[PDB]
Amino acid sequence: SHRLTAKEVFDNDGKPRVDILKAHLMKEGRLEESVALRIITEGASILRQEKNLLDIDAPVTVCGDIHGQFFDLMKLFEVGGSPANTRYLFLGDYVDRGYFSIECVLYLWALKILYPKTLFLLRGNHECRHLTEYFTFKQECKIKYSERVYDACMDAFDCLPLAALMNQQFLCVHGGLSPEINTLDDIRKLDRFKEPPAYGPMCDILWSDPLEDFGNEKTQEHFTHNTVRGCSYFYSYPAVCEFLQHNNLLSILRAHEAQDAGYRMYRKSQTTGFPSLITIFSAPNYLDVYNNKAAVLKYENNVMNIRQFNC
């Protein structure tokens, strides 16, 4: 098949032609390797200038895991609104598990180039060397493009911001909290431009989970070692509420764990009566059985609107 050229992908002003890209990428159509490198590195250079902790005003549509499922990413934008007039925040895990990981990366990076101030991308735990080597992304890059393209993606992933402060009310992360993250400044002071370490605050942001019995803890341990992930922690409901109160926040919005309906709202804060934690998951998943359903979160006009799709 035809490999798209730079003139076919970019207009004379340097704007990516994302409708052309969308139609070609869903057929697993490839770009010229130099053009893919241009998309990845231009997007990376934009991400690199962003803060560890993004400042994102409402209105915004918040999205969880994609995992290379390009057809569901296309549906998500239909449900959530066109990026041409909709602000977006993605919470990571763009690659692995699904079949179209490099296509999702190239399309989202193109959208970031086109809408640098209204479409935002965070890092998930899969956006790293260790996991893309263990799953399929590293092999797919080498096959369809080259190791140079894989290396460029790894460097670009290093540039992904770690978190977002949304409407000065919500902390948004892929995974969750850390025993070493007690204030928002704790996130701001991190060096994110690296492979995520095996332990520590950057690891925990990307990897941690609420306890299985979140909201009905038998003990008082805020963070316990995470036996599902084999790294990082489970965080408790008192752990979350204490973080929220200390930092004058309403809730934590995160992704990272698939849910039956595409979302879950956990136990409400005893102070505000608002769910202390919300998980959003924005593409299908294969855990026990296949589950096509997914959801996005649209925060607008002081209404938290959870929109399910893919029924």
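Throughout, rigid core stands for the largest set of C-alpha atoms superposing within 1.5 Å between the two forms. From 1 onward, residues are counted along the sequence shown.
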Out of 213 to 221 and 121 to 129, which shows the greater rigid core-aligned C-alpha deviation in 4 other deposited structures of this protein? 213 to 221
Can you check whether 282 to 290 or 55 to 63 lies farther from the displayed model in 4 other deposited structures of this protein, averaging C-alpha distances as RMS after superposing on the core? 282 to 290
Given 132 to 140 and 166 to 174, the range whose Cα B-factors average higher in the PDB entry: 132 to 140
According to the deposited model, is the average Cα temperature factor higher in 29 to 37 or in 66 to 74? 29 to 37
For the listed residues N247, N52, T61, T279, which one has the largest C-alpha B-factor as given in the deposited model? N247
B-factor third for the C-alpha atom of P210 within its chain: lowest
Sorting the chain's modelled residues by C-alpha B-factor and splitting them into thirds places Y88 in the lowest
In terms of its chain's C-alpha B-factors, the third that includes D155 is the middle
If you rank every modelled residue in this chain by C-alpha B factor, which third holds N125: lowest, middle or highest? lowest
Quick one: classify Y286 as lowest, middle or highest third of the chain based on its Cα B-factor. highest
